[PDB]
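J.: Here you go, one structure.
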Amino acid sequence: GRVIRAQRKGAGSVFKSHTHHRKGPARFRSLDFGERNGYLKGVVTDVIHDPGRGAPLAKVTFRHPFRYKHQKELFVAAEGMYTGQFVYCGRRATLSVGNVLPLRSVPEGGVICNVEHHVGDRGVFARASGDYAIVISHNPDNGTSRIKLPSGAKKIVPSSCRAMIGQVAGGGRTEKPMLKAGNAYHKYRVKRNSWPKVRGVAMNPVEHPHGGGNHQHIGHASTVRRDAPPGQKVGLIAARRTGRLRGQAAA
Amino acid sequence: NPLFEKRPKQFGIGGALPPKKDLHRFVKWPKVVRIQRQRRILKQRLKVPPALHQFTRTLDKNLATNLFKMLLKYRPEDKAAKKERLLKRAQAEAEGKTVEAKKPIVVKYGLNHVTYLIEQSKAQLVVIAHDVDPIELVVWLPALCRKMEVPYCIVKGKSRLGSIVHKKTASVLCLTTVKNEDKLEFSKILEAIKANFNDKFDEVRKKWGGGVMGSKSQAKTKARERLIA
Amino acid sequence: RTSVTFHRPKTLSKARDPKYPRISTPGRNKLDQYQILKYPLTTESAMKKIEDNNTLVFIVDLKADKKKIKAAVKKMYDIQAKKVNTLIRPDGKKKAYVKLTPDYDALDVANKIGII
RNA sequence: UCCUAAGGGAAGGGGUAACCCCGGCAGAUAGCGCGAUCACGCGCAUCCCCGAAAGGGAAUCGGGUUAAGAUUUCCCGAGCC
RNA sequence: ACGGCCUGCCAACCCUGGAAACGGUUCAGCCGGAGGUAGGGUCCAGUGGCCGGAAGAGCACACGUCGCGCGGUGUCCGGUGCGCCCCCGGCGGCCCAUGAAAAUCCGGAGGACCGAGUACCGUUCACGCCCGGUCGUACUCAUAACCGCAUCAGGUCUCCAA
RNA sequence: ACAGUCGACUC
RNA sequence: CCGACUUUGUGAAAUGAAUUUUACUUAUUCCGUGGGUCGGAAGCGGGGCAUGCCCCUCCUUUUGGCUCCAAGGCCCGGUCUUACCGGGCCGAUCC
Ligand SMILES: [Mg+2]
Ligand SMILES: [Mg+2]
Ligand SMILES: [Mg+2]
Ligand SMILES: [Mg+2]
Ligand SMILES: [Mg+2]
Ligand SMILES: [Mg+2]
Ligand SMILES: [Mg+2]
Ligand SMILES: [Mg+2]
Ligand SMILES: [Mg+2]
Ligand SMILES: [Mg+2]
Ligand SMILES: [Mg+2]
Ligand SMILES: [Mg+2]
Ligand SMILES: [Mg+2]
Ligand SMILES: [Mg+2]
Ligand SMILES: [Mg+2]
Ligand SMILES: [Mg+2]
Ligand SMILES: [Mg+2]
Ligand SMILES: [Mg+2]
Ligand SMILES: [Mg+2]
Ligand SMILES: [Mg+2]
Ligand SMILES: [Mg+2]
Ligand SMILES: [Mg+2]
């Protein structure tokens with residue numbers, strides 16, 4: 001056979017990300033003495049649309065701690081933030097939407113976004129539009145906290161991981177039908193070359209395990225094992241179950 | 001006078017820009033500096049076996065000034081201090097037809113030479129530098145001098161031994177014979193050296209150095225064990 | 001130290017003074033005036049330029065620029081160029097149109113060498 | 001011609017039997033820049049080169065002139081950088 | 001072209017003043033006690049008007065003379081637009097799409113440091129002085145100058161458009 | 001709510 | 001995918017005559033910085049109903065302004081020697 005489409009993506013060539021018009025990475029500011037032991041005051045200057053991303057971005061301008069210059073950071077905007085708002089970052093910051101506090105400063109039940117995982121990774125969790133995490137518990141004899149992620153999983157993270165209060169703005173985006181091949185086309189033009197998709201059953205045997213046959217059908221179980229070689233692992237990888245979700249397994 | 005006034009700066013965690021204090025602790029150095037500093041630190045942490053921790057116990061400053069006073073007396077003949085006498089003995093040979101210069105007495109150096117003098121028992125005091133690298137050149141000298149029953153000392157600084165003999169580094173010295181004017185001063189020096197070094201040898205061979213953890217680790221160690229108490 | 005960043009300390013660089021010259025033989029000026037000005041052009045088009053536009057046309061070296069052409073026309077022919085225009089001809093040689101400053105007369109310069 | 005785009009090449013370093021393959025991996029990174037000279041000082045942050053005769057961009061117009069050059073390259077006049 | 005003077009579009013902006021019986025306004029919108037209507041100003045664009053360039057040029061006539069001769073007459077007046085080409089202004093709509101960078105140039109914050117008035121410290125003004133290097137530049141651009149073995153009914157990116 | 005002049009276009 | 005050995009050191013317990021468990025940091029692996037405040041002790045305020053000896057603080061919450069190259073004090077040392085430069089600490093806690 002020949003190298004199948006799933007295998008061709010790892011080489012990069014035409015499958016790299018489409019990032020000419022993007023506005024830079026979105027993250028917190030490098031954690032320093034100011035944010036560990038108090039609070040640093042920032043002003044939101046613009047709310048901007050970032051191509052390839054549903055969450056809007058907030059340009060926050062801080063004043064440098066020890067140099068005579070500005071420091072211009074870029075956050076994933078929480079719903080509610082507006083231009084001219086003073087956001088506050090640090091350990092002693094108030095519990096307000098748009099503020100960045102460590103999780104030891106957040107009561108259980110709080111809603112949080114852009115949560116760090118390692119102290120200083122500048123944000124890994126709950127970053128898509130309308131997504132948040134919830135603080136479940138604190139364990140003060142470890143310096144760790146349990147949060148619920150958007151997927152529902154419960155992760156133990158340090159008590160110094162920083163998070164932004166509230167939820168990421170732009171929520172509700174995926175509830176709108178697209179109605180058109182054209183609308184899907186413009187969505188992916190600014191993300192990556194993954195659209196449209198030809199069904200493997202419509203291919204020839206030389207380029208896909210599902211290809212070929214006098215009728216379009218798979219002919220073998222579509223669930224493939226976890227340890228299958230690349231070029232063989234197509235379909236439902238390491239699936240624990242198939243079929244329509246009902247009852248407990250839908251929970 | 002009434003114009004001169006004071007504008008104290010609120011050098012807080014959100015206030016005025018701080019001044020130029022010393023951040024010598026946090027400077028990110030070149031690799032050559034970086035690796036050498038970690039080299040001493042890693043040495044600290046690991047358990048040094050006795051043969052290598054038999055160093056780390058050097059001769060005192062008080063005794064070294066005493067010993068190095070003697071060695072400075074017996075410096076070998078300088079490069080310049082060596083060509084006029086060969087010039088002078090030309091006439092003694094060319095006319096007098098005799099060489100008459102008598103045995104000049106000085107320290108002996110060079111590792112192979114000193115090892116030779118030790119095993120023939122012509123050595124009376126061995127002086128081993130603590131900082132020879134690679135260390136294997138001298139690790140076994142304490143055992144050989146102890147077995148052959150010659151007093152030996154471990155002074156601090158191979159660069160200093162080399163200075164005596166007019167080299168850059170020397171790594172070992174030994175005095176074979178002193179003049180009849182210094183028997184007393186020589187004897188008193190080597191009495192302590194045998195006591196300091198050749199007496200503890202059979203209990204320092206079973207002493208393991210190293211294992212010292214870091215400052216912040218020890219400050220954490222004490223807190224943990226105090227709560228036990 | 002106040003800065004956290006270690007830069008490269010700056011030291012002395014000594015200049016070159018070699019113990020023997022790598023080149024003894026001097027440089028001849030291979031683009032002298034005769035190399036620069038090869039020969040005047042006598043095409044009927046050029047002969048027009050002498051009267052109508054107070055101009056002289058030469059075939060010059062391919063490696064001579066407008067500045068050296070101005071110099072060489074003063075050493076040779078002892079005249080002044082108001083303006084020099086050049087083109088590399090389709091067959092590979094460079095041609096220079098020399099305009100004389102209005103003191104000198106191009107026709108009289110043409111006669112003193114022989115073109116007209 | 002200058003600048004950068006997508007992108008290419010690339011020094012230390014990593015791999016490689018070698019040809020070659022890797023640029024963010026962070027190394028006293030190449031270049032130091034600026035004020036000075038009558039010497040010293042300051043600062044060094046995401047950093048070299050290439051890459052567009054349709055992108056960005058110091059400055060020109062009218063009138064004449066040839067067998068063949070110029071609408072703005074030559075001549076006349078008038079400007080500009 | 002360029003140099004001045006005028007004009008000042010549609011927007012934007014300023015000052016006075018205080019709006020219901022609401023008014024101002026577009027083809028559409030929209031605007032107003034966070035200050036409308038009004039009255040009066042500022043600025044902006046211009047490929048707009050006048051003068052200089054510049055009539056000495058060009059063109060059209062009519063003459064008269066040997067050889068890039070010479071002389072003469074003139075180079076006006078209004079009006080029109082769901083017109084066409086280019087460009088611009090200012091609104092509106094669309095997006096799970098929001099539609100380069102750098103070189104380069106301009107402006108500001110701060111104010112360490114600086115000088116005379118027998119005179120020295122200046123100065124992004126006007127005028128005046130010098131210099132401006134290298135390579136391309138002809139011609140075709142196609143039912144014959146390019147590719148298709150050809151002077152091949154094929155193919156090959158543009159600008160002008162009665 | 002008149003008088004004068006002008007006016008290219010549509011039904 | 002899985003095991004042994006190697007990298008690979010340190011020391012503690014329970015069953016055993018090896019197996020799971022644990023603890024250290026310097027190997028290694030990962031992360032973040034223009035390696036820009038880490039550890040310990042102080043100090044400052046605060047809570048006292050054993051004056052405990054301990055705990056909680058660290059000179060910015062405010063409206064889309066601004067924020068550098070230190071004022072000020074003390075002390076050496078030059079000089080005009082009868083008017084002017086160099087330096088040291090504090091300000092900016094110590095180790
Ligand atoms: Mg595609
Ligand atoms: Mg699909
Ligand atoms: Mg499909
Ligand atoms: Mg098919
Ligand atoms: Mg197959
Ligand atoms: Mg099939
Ligand atoms: Mg079929
Ligand atoms: Mg079947
Ligand atoms: Mg040319
Ligand atoms: Mg270039
Ligand atoms: Mg260009
Ligand atoms: Mg261009
Ligand atoms: Mg001209
Ligand atoms: Mg008005
Ligand atoms: Mg105009
Ligand atoms: Mg005019
Ligand atoms: Mg058009
Ligand atoms: Mg618009
Ligand atoms: Mg041409
Ligand atoms: Mg042409
Ligand atoms: Mg044509
Ligand atoms: Mg061919």
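Ordering of the structure tokens sets the chain letters (A, B, ...), residue numbers begin anew at 1 in every chain, and ligands are numbered from 1 in the order given.
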Residues within 8 Å of ligand 20 (only C-alpha atoms (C1' of nucleotides) and all ligand atoms), as a list in words?
T.: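 These are the residues that qualify: residues 137, 138 and 139 of chain E.
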J.: How about saving the chosen residues, C-alpha atoms (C1' of nucleotides) kept, as a PDB file, in the first residue's frame?
T.:
ATOM      1  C1'   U E 137      17.326  50.593 -20.927  1.00  0.00           C
ATOM      2  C1'   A E 138      17.136  48.791 -28.862  1.00  0.00           C
ATOM      3  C1'   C E 139      13.075  45.642 -30.489  1.00  0.00           C
TER       4        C E 139
END
J.: Using only C-alpha atoms (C1' of nucleotides) and all ligand atoms, which residues have at least one atom no more than 8 Å from ligand 6? Output them as a count of residues only.
T.: 13
J.: If we count only C-alpha atoms, which residues of chain B reach to within 12 Å of chain A? Please list them as number ranges by chain.
T.: B: 11-21
J.: Specify as a ChimeraX atom specification all residues of chain B found within 10 Å of chain G, counting only C-alpha atoms (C1' of nucleotides).
T.: /B:4-21,23,25-29,38-39,41-47,211,213-220
J.: Name each residue within 12 Å of ligand 14, counting only C-alpha atoms (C1' of nucleotides) and all ligand atoms, as a PyMOL selection string.
T.: chain E and resi 13-16+24+36-41
J.: Taking only C-alpha atoms (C1' of nucleotides) and all ligand atoms and a cut-off of 9 Å, can you tell me which residues surround ligand 18, written as a VMD selection string?
T.: chain E and resid 91 to 93
J.: Could the residues in this selection be saved with N, CA, C and O atoms (P, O5', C5', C4', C3', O3' and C1' of nucleotides) as a PDB file, in the first residue's frame?
T.:
ATOM      1  P     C E  91     -18.195  58.254   8.975  1.00  0.00           P
ATOM      2  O5'   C E  91     -19.765  58.164   8.803  1.00  0.00           O
ATOM      3  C5'   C E  91     -20.450  56.985   9.159  1.00  0.00           C
ATOM      4  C4'   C E  91     -21.713  56.807   8.368  1.00  0.00           C
ATOM      5  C3'   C E  91     -22.249  55.396   8.381  1.00  0.00           C
ATOM      6  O3'   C E  91     -22.972  55.093   9.549  1.00  0.00           O
ATOM      7  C1'   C E  91     -22.168  56.146   6.170  1.00  0.00           C
ATOM      8  P     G E  92     -22.588  53.791  10.391  1.00  0.00           P
ATOM      9  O5'   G E  92     -23.395  52.635   9.665  1.00  0.00           O
ATOM     10  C5'   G E  92     -24.767  52.806   9.365  1.00  0.00           C
ATOM     11  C4'   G E  92     -25.200  51.940   8.215  1.00  0.00           C
ATOM     12  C3'   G E  92     -24.892  50.466   8.336  1.00  0.00           C
ATOM     13  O3'   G E  92     -25.764  49.768   9.196  1.00  0.00           O
ATOM     14  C1'   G E  92     -24.316  51.199   6.187  1.00  0.00           C
ATOM     15  P     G E  93     -25.160  48.655  10.173  1.00  0.00           P
ATOM     16  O5'   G E  93     -25.020  47.373   9.247  1.00  0.00           O
ATOM     17  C5'   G E  93     -26.161  46.800   8.631  1.00  0.00           C
ATOM     18  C4'   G E  93     -25.778  45.907   7.484  1.00  0.00           C
ATOM     19  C3'   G E  93     -24.995  44.658   7.836  1.00  0.00           C
ATOM     20  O3'   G E  93     -25.822  43.611   8.294  1.00  0.00           O
ATOM     21  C1'   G E  93     -24.029  45.710   5.961  1.00  0.00           C
TER      22        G E  93
END
J.: Please, which residues have at least one atom within 10 Å of an atom of ligand 3, using only C-alpha atoms (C1' of nucleotides) and all ligand atoms, listed as a ChimeraX atom specification?
T.: /A:195-202
J.: From the list D:78, D:70, D:50, D:25, which residue is nearest ligand 19 when using only C-alpha atoms (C1' of nucleotides) and all ligand atoms?
T.: D:70
J.: Any chance you could list, as a list in words, the residues in stretch 21-217 of chain B that come up strand (DSSP E or B) when DSSP is run on the backbone?
T.: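 Secondary structure check on stretch 21-217 of chain B, strand (DSSP E or B): residues 28, 47, 48, 108, 109, 125, 126, 127, 128, 129, 152, 153, 154, 155, 172, 173, 174, 175, 209 and 210 of chain B.
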J.: Between C:51, C:32, C:17, C:65, which residue has the minimum interatomic distance to chain E, considering only C-alpha atoms (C1' of nucleotides)?
T.: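 Result for the nearest residue to chain E: C:65.
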J.: Please give me, as a list in words, the residues lying within 9 Å of ligand 11 when counting only C-alpha atoms (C1' of nucleotides) and all ligand atoms.
T.: residues 52, 53, 55, 56 and 57 of chain D
